[PDB]
Amino acid sequence: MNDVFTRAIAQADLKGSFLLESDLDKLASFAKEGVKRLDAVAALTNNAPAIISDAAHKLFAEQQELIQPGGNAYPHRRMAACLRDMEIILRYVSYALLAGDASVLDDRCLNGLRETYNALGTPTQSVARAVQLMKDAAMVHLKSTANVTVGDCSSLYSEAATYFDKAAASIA
Amino acid sequence: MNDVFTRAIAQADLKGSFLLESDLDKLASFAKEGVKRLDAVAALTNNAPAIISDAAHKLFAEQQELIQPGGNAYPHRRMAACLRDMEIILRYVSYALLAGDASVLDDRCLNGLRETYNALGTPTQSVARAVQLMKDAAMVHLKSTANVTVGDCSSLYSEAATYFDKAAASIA
Amino acid sequence: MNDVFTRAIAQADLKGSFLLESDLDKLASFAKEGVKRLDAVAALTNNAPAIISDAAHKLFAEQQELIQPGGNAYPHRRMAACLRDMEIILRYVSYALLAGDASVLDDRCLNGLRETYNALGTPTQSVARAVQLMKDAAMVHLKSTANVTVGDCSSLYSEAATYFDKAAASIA
Amino acid sequence: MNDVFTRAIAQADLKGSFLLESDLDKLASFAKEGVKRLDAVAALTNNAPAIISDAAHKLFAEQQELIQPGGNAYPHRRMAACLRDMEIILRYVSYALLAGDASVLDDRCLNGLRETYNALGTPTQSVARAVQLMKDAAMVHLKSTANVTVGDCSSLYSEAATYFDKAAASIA
Amino acid sequence: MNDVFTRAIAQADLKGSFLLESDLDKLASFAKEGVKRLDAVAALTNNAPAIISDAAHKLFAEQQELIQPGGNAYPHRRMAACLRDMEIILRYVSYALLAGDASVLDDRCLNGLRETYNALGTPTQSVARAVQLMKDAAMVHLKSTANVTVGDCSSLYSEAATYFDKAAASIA
Amino acid sequence: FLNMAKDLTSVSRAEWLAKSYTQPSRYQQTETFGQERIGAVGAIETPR
Amino acid sequence: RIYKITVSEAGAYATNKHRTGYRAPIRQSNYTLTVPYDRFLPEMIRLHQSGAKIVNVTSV
Amino acid sequence: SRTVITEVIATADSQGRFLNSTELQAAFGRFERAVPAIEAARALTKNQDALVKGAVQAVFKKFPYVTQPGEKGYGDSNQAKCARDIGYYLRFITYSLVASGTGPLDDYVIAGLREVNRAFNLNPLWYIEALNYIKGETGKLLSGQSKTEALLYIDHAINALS
Amino acid sequence: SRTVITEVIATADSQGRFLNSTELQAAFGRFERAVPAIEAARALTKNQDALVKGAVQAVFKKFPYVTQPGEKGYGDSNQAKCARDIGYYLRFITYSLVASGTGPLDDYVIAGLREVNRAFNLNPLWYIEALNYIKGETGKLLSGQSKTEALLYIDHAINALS
Amino acid sequence: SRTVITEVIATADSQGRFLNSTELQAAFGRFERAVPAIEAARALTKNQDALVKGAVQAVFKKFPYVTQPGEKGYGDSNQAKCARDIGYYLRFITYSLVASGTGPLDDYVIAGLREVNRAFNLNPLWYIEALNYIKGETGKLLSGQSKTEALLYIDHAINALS
Amino acid sequence: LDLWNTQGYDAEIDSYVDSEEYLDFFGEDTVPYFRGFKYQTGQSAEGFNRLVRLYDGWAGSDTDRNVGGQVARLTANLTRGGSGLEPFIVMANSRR
Ligand SMILES: CCC1=C(C)/C(=C/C2=NC(=C\c3[nH]c(/C=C4\NC(=O)[C@H](C)[C@H]4CC)c(C)c3CCC(=O)O)/C(CCC(=O)O)=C2C)NC1=O
Ligand SMILES: CCC1=C(C)/C(=C/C2=NC(=C\c3[nH]c(/C=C4\NC(=O)[C@H](C)[C@H]4CC)c(C)c3CCC(=O)O)/C(CCC(=O)O)=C2C)NC1=O
Ligand SMILES: CCC1=C(C)/C(=C/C2=NC(=C\c3[nH]c(/C=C4\NC(=O)[C@H](C)[C@H]4CC)c(C)c3CCC(=O)O)/C(CCC(=O)O)=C2C)NC1=O
Ligand SMILES: CCC1=C(C)/C(=C/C2=NC(=C\c3[nH]c(/C=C4\NC(=O)[C@H](C)[C@H]4CC)c(C)c3CCC(=O)O)/C(CCC(=O)O)=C2C)NC1=O
Ligand SMILES: CCC1=C(C)/C(=C/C2=NC(=C\c3[nH]c(/C=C4\NC(=O)[C@H](C)[C@H]4CC)c(C)c3CCC(=O)O)/C(CCC(=O)O)=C2C)NC1=O
Ligand SMILES: CCC1=C(C)/C(=C/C2=NC(=C\c3[nH]c(/C=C4\NC(=O)[C@H](C)[C@H]4CC)c(C)c3CCC(=O)O)/C(CCC(=O)O)=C2C)NC1=O
Ligand SMILES: CCC1=C(C)/C(=C/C2=NC(=C\c3[nH]c(/C=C4\NC(=O)[C@H](C)[C@H]4CC)c(C)c3CCC(=O)O)/C(CCC(=O)O)=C2C)NC1=O
Ligand SMILES: CCC1=C(C)/C(=C/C2=NC(=C\c3[nH]c(/C=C4\NC(=O)[C@H](C)[C@H]4CC)c(C)c3CCC(=O)O)/C(CCC(=O)O)=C2C)NC1=O
Ligand SMILES: CCC1=C(C)/C(=C/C2=NC(=C\c3[nH]c(/C=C4\NC(=O)[C@H](C)[C@H]4CC)c(C)c3CCC(=O)O)/C(CCC(=O)O)=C2C)NC1=O
Ligand SMILES: CCC1=C(C)/C(=C/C2=NC(=C\c3[nH]c(/C=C4\NC(=O)[C@H](C)[C@H]4CC)c(C)c3CCC(=O)O)/C(CCC(=O)O)=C2C)NC1=O
Ligand SMILES: CCC1=C(C)/C(=C/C2=NC(=C\c3[nH]c(/C=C4\NC(=O)[C@H](C)[C@H]4CC)c(C)c3CCC(=O)O)/C(CCC(=O)O)=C2C)NC1=O
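What the entry reports as its method is cryo-EM, with 2.76 Å given for the resolution.

**Student:** Residue-level account of the overall build of chain F, with values.
**Tutor:** Along the backbone of chain F there are three helices and zero strands. Taken from the N to the C terminus, the helices and strands of chain F come in the order α-α-α. The principal-axis extent of the C-alpha atoms belonging to chain F is close to 55 × 20 × 5 Å. Looking at the 48 residues of chain F, the share that counts as buried comes to 33%. Counting only carbon and sulfur atoms, one obtains 56% of the accessible surface of chain F, whose full area is about 3200 Å². Separation of charge centres in chain F, based on 6 positive and 5 negative side chains, amounts to 9 Å.

**Student:** I'd like a description of the sheet that holds strand β3 (residues 53-59) of chain G, backed by residues and values.
**Tutor:** Across the sheet, which stays open at both edges, the three strands sit in the order β2-β1-β3 (chain G) with antiparallel pairing between neighbours. Edge positions in the sheet fall to β2 (31-36) and β3 of chain G, since each of these pairs with one other strand and no more. Neighbour-to-neighbour, the strand axes of the sheet open up by a mean angle of 25°, direction not taken into account. In this fold helix α5 (residues 103-120) of chain D packs onto β1 (2-8) and β3 of chain G, with an angle of close to 5° to the strand it touches most, β3 of chain G.

**Student:** Go over the packing of helix α4 (residues 76-99) of chain D against helix α1 (residues 4-14) of chain I with me, naming the residues and quoting the values.
**Tutor:** Relative to each other, α4 of chain D and α1 of chain I sit at 170°, their axes nearing to 10 Å. With respect to α1 of chain I, the element α4 of chain D is oriented roughly antiparallel. Contact residues: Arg91, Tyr92, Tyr95, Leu98 and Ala99 of chain D in α4 of chain D; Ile5, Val8, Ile9, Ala12 and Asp13 of chain I in α1 of chain I. Looking at side-chain class alone, the contact of α4 of chain D with α1 of chain I contains eight nonpolar, no polar and two charged residues.

**Student:** Hey, could you go over the site of ligand 4 for me, with residue numbers and the actual values?
**Tutor:** Taken together, 23 residues form the shell around ligand 4, and within it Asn72, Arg77, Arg78 and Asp85 of chain D together with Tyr37 of chain G come nearest. Mapping the residues adjacent to ligand 4 onto the chains of the assembly identifies chains D and G. At a separation of 3.0 Å, an oxygen atom of ligand 4 approaches a polar side-chain atom of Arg78 of chain D. Contacts to ligand 4 include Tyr37 of chain G, whose backbone N or O atom sits 2.6 Å from an oxygen atom.

**Student:** Which residues make up the site of ligand 11, and what values do they have?
**Tutor:** Around ligand 11 sit 29 residues, and of these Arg84 and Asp85 of chain B, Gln35 of chain F together with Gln43 and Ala45 of chain K come closest. The site occupied by ligand 11 is bordered by residues of chains B, F and K. Between ligand 11 and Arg84 of chain B there is a distance of 2.3 Å, counted from an oxygen atom to a side-chain nitrogen or oxygen. The separation between a nitrogen atom of ligand 11 and a polar side-chain atom of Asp85 of chain B is 2.7 Å. Protein coverage of the free-state accessible area of ligand 11, which is 880 Å², stands at 99%. Counting residues per element, the ones that place at least two in the shell around ligand 11 are α5 (76-99), α6 (103-110), α7 (113-120) and α8 (124-142) of chain B. The element best represented in the shell around ligand 11 is α5 of chain B, accounting for nine residues. Class assignment for the residues of the shell around ligand 11 results in 18 nonpolar, five polar and six charged.

**Student:** Give me the lowdown on the side chain of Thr3 of chain J, citing residues and values where you can.
**Tutor:** If you trace the backbone, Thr3 of chain J turns up in the segment before α1 (4-14). Residue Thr3 of chain J is classed as buried on the basis of its relative accessible area of 2%. Once residues within four sequence positions are removed from consideration, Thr3 of chain J is found in contact with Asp3 and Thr6 of chain C together with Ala99, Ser100 and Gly101 of chain J.

**Student:** Go over the interface of chain J and chain C, please, and point to the residues and values.
**Tutor:** Every contact between the two is made by 32 residues of chain J and, on the other side, 37 residues of chain C. Between chain J and chain C, a total of about 3100 Å² is buried, with carbon and sulfur atoms accounting for 70% of that surface. The three residues of chain J that bury the most area against chain C are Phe18, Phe31 and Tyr95 of chain J, which together make up 23% of that side's buried surface. Between chain J and chain C we count five salt bridges in total.

**Student:** I'd like to hear about unusual backbone geometry, residue by residue, with values.
**Tutor:** Looking along the chain, the bond that leaves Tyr74 of chain D and enters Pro75 of chain D is cis, with omega of 5°. Examined against the element boundaries, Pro75 of chain D turns out to sit in the loop between α3 (48-62) and α4. Backbone geometry at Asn147 of chain A places phi at a positive 70°, although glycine is not the residue there. Tracing the chain through its elements places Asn147 of chain A in the loop between α7 (124-142) and α8 (154-171). Even without being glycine, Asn121 of chain H reaches a positive phi, approximately 60°. Relative to the helices and strands, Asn121 of chain H resides in the loop between α6 (113-119) and α7 (124-141). With relative accessibility at 55%, the residue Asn121 of chain H sits in the exposed group.

**Student:** Break down a positive patch on the surface for me, citing the residues and quoting the values.
**Tutor:** On the surface, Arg77, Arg78 and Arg84 of chain C together with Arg65 of chain K cluster together into a patch of positive charge. Along the polypeptide, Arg77 of chain C turns up in helix α5 (residues 76-99).

**Student:** Which residues make up the packing of aromatic side chains, and what values do they have?
**Tutor:** What characterises a pair of aromatic rings is the spacing of the ring centres plus the angle enclosed by the ring planes. This model, assessed by the stated rule, comprises 39 aromatic pairs over all chains. With a centroid separation of 5.9 Å and 55° between ring planes, the pair formed by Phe30 of chain B and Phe31 of chain H is classed as tilted. Of this pair, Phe30 of chain B sits in helix α2 (residues 21-32) while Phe31 of chain H sits in helix α2 (residues 21-46), on two different chains. Just as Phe30 of chain B is buried, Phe31 of chain H falls in that class too.

**Student:** Which residues make up a nonpolar patch on the surface, and what values do they have?
**Tutor:** Together, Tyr9, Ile13, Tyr16 and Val17 of chain K give the surface a local cluster of nonpolar side chains, amounting to about 410 Å² of exposed area. By secondary structure assignment, the location of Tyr16 of chain K is in helix α1 (residues 2-17).

**Student:** Can you lay out the interface of chain E and chain I for me, pointing to particular residues and giving the numbers?
**Tutor:** Of the residues lining the interface, twelve residues belong to chain E; the matching set on chain I comes to 15 residues. Buried area between chain E and chain I, summed over both chains or domains, comes out near 990 Å², and the portion from carbon and sulfur atoms is 65%. For chain E, the biggest contributors to the area lost against chain I are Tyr74, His76 and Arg77 of chain E; these three give 50% of the whole. On inspection of chain E and its partner chain I, the count reaches zero salt bridges. Put simply, chain E and chain I have three residue pairs in polar contact between them. Top element by residues in the side of chain E that touches chain I is helix α5 (residues 76-99) of chain E. It accounts for five residues. Partitioned by chemical class, the residues of the side of chain E that touches chain I number eight nonpolar, three polar and one charged.

Conventions and cut-offs
- Residues numbered from 1 in each chain as written, not as in the entry; some residues may be left out.
- Chains lettered and ligands numbered in written order.
- Part of a larger assembly, values for the part shown.
- Heavy atoms only, no water.
- Helix = DSSP H or I, 4+ residues; strand = E, 2+ residues; numbered from the N terminus.
- Buried < 20%, exposed > 50% of the residue type's maximum accessible area, 1.4 Å probe, protein only.
- Areas by Shrake-Rupley, 256 points an atom, 1.4 Å probe, with all protein chains shown as cover.
- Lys, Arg positive; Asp, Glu negative; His and termini not counted.
- Charge placed at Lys NZ, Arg CZ, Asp CG, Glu CD.
- Pairing = 2+ DSSP bridges.
- Axes fitted to C-alpha atoms, helices over the stretch in contact; angles between N-to-C directions.
- Contact = heavy atoms within 4.5 Å.
- Parallel < 35°, antiparallel > 145°, perpendicular 65-115°, else oblique.
- Nonpolar A, V, L, I, M, F, W, Y, C, P; charged D, E, K, R; others polar.
- Near = heavy atom within 4 Å.
- Polar contact = N/O pair within 3.5 Å; in protein donor to acceptor, adjacent residues only side chain to side chain.
- Buried area = accessible area lost by both parts, 1.4 Å probe.
- Salt bridge = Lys/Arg side-chain N within 4 Å of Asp/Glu carboxyl O.
- Patch = residues over 30% accessible without salt bridge, like charges linked within 9 Å, V, L, I, M, F, W, Y side chains within 5 Å.
- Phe/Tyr/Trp six-rings, centres within 6.5 Å; stacked < 30°, edge-to-face > 60°.

In structure tokens, the structure reads:
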């Protein structure tokens, strides 16, 4: 697994050199911003069931074919698997947000997920759509100012969005 | 693993509808000749060693290439593996006869068998010949009128022939 | 796995034949010259650390790129794995020298090894170079007439050379 | 662990004789009562959550010290273990009632159940009282004649009471 | 797991001193007469089923109660277990004979056998009788002066008798 | 045809059948054939 | 906590092995296994299903 | 789905043996009592309309606190897919009757029931009330073995919901 | 021994759950079929001596060689053991009929049959031919479903011995 | 196949280590015993036809009841297969002698022996008699140690059959 | 997957090790070994092939240091149940 620090160390090792002063400065900035990062990750974690439920409601209102007999979220079992997968993906996105690196998301969650869904008959376009709805709900919660000290956290927003849309791109 | 009842339910559920009146009539008919179907399955189970032995005798008479030094069934170990395979395939045929559908046969016995034989270097033509000889030795015991009430079971004979032929066409 | 005797038996069984007088003479000669084979195997076994250290020093003198940052033996883990590989290859070559057949090498040592290195990214030219260096280091210990009854053992030198060559050829 | 028929066969073989005519008559009487027995065990398995819930309500009304902090039904973890243990006991009671033998109860849990409860320090008298409450609820649900044809089953209630008593007496 | 040499080395190491010349002479004698040891072990092995069959016939002629229903060797599987246990004892006795040390028999076969039989309900005295009967049949087969050059092997006979008697004593 | 005739008629049928049964097969398969193909000779002959 | 379960087999395990056949190498009957609390119940059920006899359980 | 036939074939396959006498006897029992089960299935399919409407009305009577605004039963769509859910339960109960095994129920409704009901905040007691009503008029619609066979599956679904 | 009710209970305890509809299914089938099975057990019990003597003579018929001096069937003790063994087989058939499951058969003859017979040089074909004798005899001696019940267990014994 | 050298290498390899003193001393024993074993194989190969004919004749003398019409020992095909089987056994005995291990026997004959003999109803006693014959004439054919090795291997085959 | 998701990694390992399969074949004292190179009762005829696919030879490993990563091998075969060419094999074994 990799976080931002460990990737930096990895390229430095590939060159065989120490870490330059600019790289150390970037890592210092990261660690300074780490408390905002923790707030973002806790917003994702704390409000997770709400995010999953909102995404599910929007997705199954948009795509009613998924919940008709013959749909891919029709019986209770397939619906449970659908909600489980959405929870899993959001959970690995929160991991990547804390780590500052999308490595765990790729290695664990999106390692072979497109071929999995293709073999299952699962519409990967709809899975990507669910990831987008989860992203929207997550941004609604992460921009919330209640119970945090106000500040600029746009870099965290953009990075969270990149994790979400990277998941959606790997799936579809 | 599907029988006729569960296959009918699966189709009815893809349609999203209750079982139709004609569907219930067909399933009631199936349950009606269930007793003759059980007679056939008992005929196959009670006479398995004779079926296998007859098939083996004819098979090794026809293809003596198989049991000479160098043949694929030559040493005691590989000959025992040959007889074991014959018993397995006959067992799955009897299962398919009981269930009324070949789903168990294809799924649990045939889907990868041919490429298993190719991987091991086993002549698939000879295995198909053995299965055909098993079909022959099984029809004779299957029609045996002794010990059971006299009646009509030509549909059952055709169904069992289809199972054996599907095994032989899959393996070959 | 086979020795020379089992290789001969396997070839005779393909003919359904007993072992010929000539082949039995070859096997008897192999057995009578077995003390020399034992001494050669003891030479490989007893001098294994010397052989591997010599080969490693020469290999990393010739190819400095293997031990730079980014090389295939850079961190301690990759160098440890390299030394393990060399020890394993020498161990199996000694097994083959005792057995008299390269079967142990093909069945175990070189079974999935080229694909292993290819998937890892190991330069197989360098592995074959290490194996050749080990061959050079091992010939000097095989040929050492100190502390052993002097005689003609050129056949054993040639056989060990061919086993090292078979390893190197399978790699590269 | 053996059924009433297998029990009778057990004594018959211990004396080595064929089954006596009186013992055969008893087994036939049991097989005649069998349908009543299936109605009884279906009553037990059918109403199990209600039986457990009522027994628990009463047991923790008559014994609050299990509910208080520092009690043995406290916290959620221990309370869930209590509910699960009543579940398992009722399951085994139904098993014994269908089997008609009492040793299928003693060889399943009661053999080590007491030693377990002494290791954990659980008050065995409370577990016995819970089983007795379960017995009362089971007789209440057993005697219900709705949706089943009417008839005497006094032997079945007696046997169920004996099995509940055996559980509550082997634990305590 | 020891032999005569390893046991002697163990005592030598407990005293902390080199092996004495008397000990060296004793072990050189043991290795010089080890040819007779190999003959005795081969005689034990080649005739193992004959020994077991003879001992079983003798034991079941004498102890007739085992065969009858309710006896320990009545159920046909229990006869199989009796035969298996006899073969295991013979195998470990031959192991100990080849080693020259009884520790391999004890530590691996006899240490728990008493408790096993007692937990089972097997009569240990009949097992000891079976071991002695095996000792008699084995003595008959080892003393067979045919097939080997005639020689004095009273030490081997005594050693085998000691192993059989010690196995019997540990069993009962 | 004279050779075929001599083999058929001149000699007894017993040794004829015996030699026909021991003729080397056209499948030239050793016992370990099939395990060498899938590469699992070692994985099978390892000691338990 | 951790609990030590002393196991015995007096014939139910024996007859199960007789039906199925010896399938891993044979072993002596009486033996003891240490089990944590989390694995305590499944191990107990497994022993009961196998026909095993537990003579005592100790808590430590 | 796991039915009598599927169960016996599975237990025969796992042990690697031909179907023995006990399994054949069980299969014969299933075949014989198909007829009451299919009669029950025909009865329930024919009466499905009044069945589902009565069940929804029973749910509303027992939980009048669900139809007010701000709650689950409020709305026309929520009504319609209440009826849709009860129709699902009825259809899978008829599937269970026809198949002479609870496999359709397990596979289609029971497998994954709790987490779905938790995710969408569906009270299982709503559905237990609906199925208890259906249980009530099964006696009105069914008789003999047919009634008990249908009751078995209705109780199984209620137990799983419990 | 593992019989129909016993297999029900073992399957239910293996999955840690109750007795469901299918297990009640099998139990009802066994309980209703007990009557032909137990009448067959009675008939086999009353005719035990005639059957065992007929089967003993059948073995001496199809294997004339076993009886000459120096062979296994020669001697009064050996033929007494023959009679006792055929009686054992018949008794376990009747036990399996009563239990309505081959559990008695499996556990009392089948388990350990092959290696015991190997050890004592008993040919399984002797007992196969004897059991074929009992099969033919009971085909006449039994009427209706009881004939099927006896013959299925006899053929299971044949399949085991073969 | 399982020989001295192959067992040595397998044990060394399973523990991931080179060949030490113990293993080389075992191989040394193999290389010494090669001489008696190889020339015992030579003597057995030379007299193969007489040995096979005598073994078949001994089988028929001990089992006269096979050769009359209707069973296994009747017919030219059956007797030819008998000669083929005894030649197989002798071939693999000589193979095992040369290889100095029961690997050829264990791998080609003994593995699967009982299942195959059961399936084709071949009595192991026939082959036991044939091998006991082979033992009788290898007693007089061979002297000193060669007799000893050939007897060890013949008896390993016998034991496997019994 | 559901087991790991709902009960964690340890319960997932315990399922393998507390399984009846493990105890039948390895049972508390023998090291696990590759069974699937022989027919196992209840096998699906693609289990042999899936093991041959998973097995890489004696000198093969399951390392996560391979160039592309540690990647799945049997997903399509598992979900599909096979190659998906069998109906066409049946068609071919008819006329042509
Ligand atoms: C136990 C887990 C844990 C958490 C949750 C945690 C959060 C945390 N947030 C902090 C402040 C802060 N938190 C935020 C982030 C918020 N501000 C904006 O509203 C954004 C919407 C949002 C980002 C997603 C900001 C901007 C600060 C001010 C400090 C700074 O900007 O460096 C601080 C510093 C002290 C303070 O000002 O309260 C901490 C320790 N620390 C922990 O150990
Ligand atoms: C122990 C488990 C069990 C078995 C095995 C079983 C078979 C069985 N099938 C029966 C009827 C029958 N069985 C057959 C089958 C035969 N007829 C043809 O000659 C074929 C050669 C052959 C089948 C291929 C037929 C045609 C009937 C009559 C159908 C009917 O009952 O209307 C009957 C007698 C019922 C009667 O006729 O009144 C039995 C006992 N029943 C069981 O409970
Ligand atoms: C404990 C392990 C063990 C070992 C190591 C062993 C080796 C061994 N080497 C021997 C002699 C010998 N050793 C050699 C081999 C040497 N000739 C050349 O110098 C080469 C450098 C080298 C071999 C590559 C030769 C040629 C003989 C003489 C035997 C002959 O020529 O036939 C002998 C027989 C002694 C004699 O000459 O009478 C043995 C037993 N035996 C064992 O049991
Ligand atoms: C395999 C056969 C079997 C046995 C031997 C068994 C008894 C049993 N009870 C246990 C715990 C327990 N059992 C209870 C029972 C409750 N305590 C009282 O208040 C109630 C009256 C009573 C209800 C019956 C409690 C509270 C615990 C938790 C003990 C603790 O953690 O402190 C445990 C340990 C659970 C674990 O560690 O995972 C077992 C094995 N259940 C079985 O299926
Ligand atoms: C498939 C599962 C199954 C069910 C649903 C079942 C109910 C059932 N009850 C029956 C009769 C009966 N059942 C009972 C038992 C009842 N008497 C009292 O009301 C008690 C509350 C209760 C038992 C504790 C009685 C007394 C009879 C009538 C006596 C008899 O027919 O033997 C019958 C026999 C009617 C027939 O088929 O011809 C059945 C099938 N049996 C089953 O195997
Ligand atoms: C492959 C396995 C193997 C065996 C079996 C084996 C036995 C063996 N027995 C031998 C002779 C002998 N064998 C025996 C055995 C005794 N004779 C009595 O009748 C006793 C009944 C019997 C005890 C069991 C004796 C006493 C000798 C002669 C010892 C001597 O040469 O001084 C010899 C030496 C013959 C020679 O070279 O001159 C050997 C090597 N060696 C082996 O490598
Ligand atoms: C280390 C080697 C080893 C040995 C030797 C050993 C002995 C042993 N003997 C057993 C049963 C048995 N052992 C016997 C044999 C005795 N009873 C008869 O009376 C005979 C006279 C006598 C034989 C000489 C019998 C009859 C049984 C079956 C007991 C039963 O099932 O009730 C069992 C239990 C079988 C099981 O749990 O599956 C063991 C473990 N166990 C081992 O791990
Ligand atoms: C396999 C069979 C199956 C069942 C049983 C099933 C239940 C089910 N009902 C749903 C909708 C729903 N269904 C209900 C139920 C009714 N609403 C109220 O009128 C009543 C009080 C109440 C019933 C008594 C409700 C409240 C929802 C809302 C879920 C949402 O808003 O997303 C949903 C969410 C999918 C959707 O948005 O339509 C499921 C999974 N789904 C299935 O595929
Ligand atoms: C409860 C189940 C059970 C069975 C089935 C069983 C078979 C059996 N029969 C035996 C004796 C025997 N049984 C026979 C039977 C032969 N007699 C000839 O007339 C016929 C050809 C043939 C019978 C068809 C013979 C010859 C023996 C003597 C075996 C010996 O040589 O010691 C023995 C040896 C133990 C003894 O009786 O002392 C066994 C194990 N044992 C059991 O405990
Ligand atoms: C190299 C390992 C190997 C061995 C040992 C072997 C023996 C062997 N011999 C066979 C045939 C046979 N073998 C015999 C032997 C009998 N002939 C009679 O004269 C005697 C009483 C007796 C010999 C002593 C008979 C009768 C058959 C024909 C059985 C049948 O087809 O029904 C068969 C059955 C398959 C076939 O017909 O070819 C095997 C497996 N096969 C092997 O692959
Ligand atoms: C559940 C469905 C299923 C089946 C049927 C199945 C068959 C199967 N047959 C195998 C080997 C074999 N199978 C055969 C049989 C063939 N060769 C003979 O010549 C005949 C022509 C023919 C039989 C009629 C042979 C000889 C082998 C040994 C191949 C070898 O290892 O060299 C193997 C490899 C493992 C082993 O040797 O036991 C499997 C898995 N596997 C399955 O999972």
